[PDB]
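The sequence shown begins at 15 in the working numbering and counts up one residue at a time. The block underneath contains the structure these notes are about, expressed in structure tokens.
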Amino acid sequence: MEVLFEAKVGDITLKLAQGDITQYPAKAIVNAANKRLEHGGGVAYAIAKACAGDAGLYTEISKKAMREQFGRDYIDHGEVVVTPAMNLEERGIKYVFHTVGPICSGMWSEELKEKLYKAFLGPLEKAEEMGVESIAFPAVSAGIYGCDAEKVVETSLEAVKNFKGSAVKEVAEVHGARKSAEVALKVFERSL
């Protein structure tokens, strides 16, 4: 874990970090999931496997939590399913917050932006609701969903700036790859 940027946004200490989100010191980590919470690849897989020892197992656990919480087997952008972090709890990570961003395939529009915005904002609001004081998120939609990396980080920062909460004191945005992190750094530097 390398911290690349740290800024004060209101009462929130916001950090940009490069590393493995399943090792970030936060109370809740966010999973960039699909609507059905099938954690078959990407950071969704790494989180699923790190929590349960088997990604398929966490998928099942996630679908069950989703049914209980939303009464159906999918979520919409902005809805956040909460699962126990299990094997990560020893590291101080209590929860995984599952969020779903839009599929972009290199496209960008106001409707896609709004969907991505809800996907970042939902988990912050979920943390505030639960009184969860620190949260880490990944680059939602910037994986196989193909959203432009700079648009993703810009949208994330809008959600952080507009978020109204007092319980949330610490927010981190975590990128796995050095390149991805350095692009976020450019956005962070000009926007804060």
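Every residue, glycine too, gets a C-beta built ideally from N, C-alpha and C.
Query, Result
"In chain order, which beta strand (DSSP E) runs of at least 3 residues are fully inside the region 60-101?", "95-98"
"How would you write the range of the beta strand (DSSP E) that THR113 sits in, first residue to last?", "109-114"
"How about the region 96-114 and the region 41-52: do they share at least three Cβ pairs that are nearer than 8 Å?", "yes"
"Output yes or no for whether 9 Å exceeds the beta carbon distance between residue 9 and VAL23.", "The question about residue 9 has no answer here: the residues shown for the chain are numbered 15 through 206."
"Are the beta-carbon atoms of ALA153 and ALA163 separated by less than 9 Å?", "yes"
"Give the C-beta separation of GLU184 and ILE26 to the nearest angstrom, bearing in mind that I take them to be a contact with Cβ-Cβ under 8 Å.", "7 Å"
"What residue does the beta strand (DSSP E) around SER155 start on, and which one ends it?", "Looking at the DSSP string, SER155 is not in any beta strand (DSSP E), and its letter there is neither H nor E."
"Contact defined as beta carbons within less than 8 Å: I believe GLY190 pairs with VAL95. What is the distance between those atoms, to the nearest angstrom?", "Not a contact, Cβ separation roughly 22 Å."
"Have a look at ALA47 and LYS140 and give me their C-alpha separation to the nearest angstrom.", "16 Å"
"Going by DSSP in three states, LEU135 sits in which element: helix, strand or coil?", "helix"
"Pull the bridge partners of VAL17 from the DSSP assignment, please.", "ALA31"
"From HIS53 to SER180, what does the alpha carbon distance come to, in whole angstroms?", "32 Å"
"Considering only the alpha carbon of each residue, which of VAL114, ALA60, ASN176, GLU128 lies closest to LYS165?", "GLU128"
"Taking the alpha-carbon positions, what's the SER155 to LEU130 distance?", "7 Å"
"Quick one: what does DSSP say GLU52 is sitting in, helix, strand or coil?", "coil"
"Do you know how far the Cα of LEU126 is from the Cα of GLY160?", "12 Å"
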